[PDB]
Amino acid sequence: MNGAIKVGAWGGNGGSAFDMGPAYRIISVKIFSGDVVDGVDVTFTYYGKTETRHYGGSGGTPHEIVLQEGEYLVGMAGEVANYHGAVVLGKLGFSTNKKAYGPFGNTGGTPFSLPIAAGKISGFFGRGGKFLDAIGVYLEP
């Protein structure tokens, strides 16, 4: 969009597109996983107000990443697997400039990794359905 850097769209073509848009500050990310990744719940602040978005499906169990002050999402990885005739993320994980999280999910598949040597993730986008078909990120310094 306006100087945005949207890298990704890892996963399958099913589901329906979702776009969080870049955030001003990602407060917390919650990954709901089961055999695969069900959805991602994101709480962030945009133009002053605190917002929460619900992506992917409603199933799965929550694993939350809370960004302490000065901590950012500097990496993302996982596996795009086939789950009952549907290409979705079977494993997903993130890394912060402080600790590493996950991966969350138990279905193996073709891997992908996005180690950020310089920059951070600032937002999310992708395709959702009964599960998390695909996920991508917004990058910024």
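For every residue, the number given is its place in the sequence shown, counted from 1. We call the rigid core the largest set of C-alpha positions that still match within 1.5 Å between the two forms.
Comparing the two stretches 43-51 and 106-114 by root mean square C-alpha distance in 6 other deposited structures of this protein, with all structures fitted on the core, the more displaced one is 43-51. Two stretches, 57-65 and 23-31, are weighed by how far their CA atoms sit from the shown form in 6 other deposited structures of this protein after rigid core superposition; the farther one is 23-31. Taking the PDB entry as given, 75-83 carries the higher mean Cα B factor of the two stretches 75-83 and 37-45. Of the two segments examined, 63-71 and 101-109, it is 63-71 that shows the higher average Cα temperature factor in the deposited entry.
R25: CA B factor in the highest third of modelled residues in this chain (values from the PDB entry). In the deposited entry, the Cα temperature factor of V137 places it in the lowest third of its chain's modelled residues.
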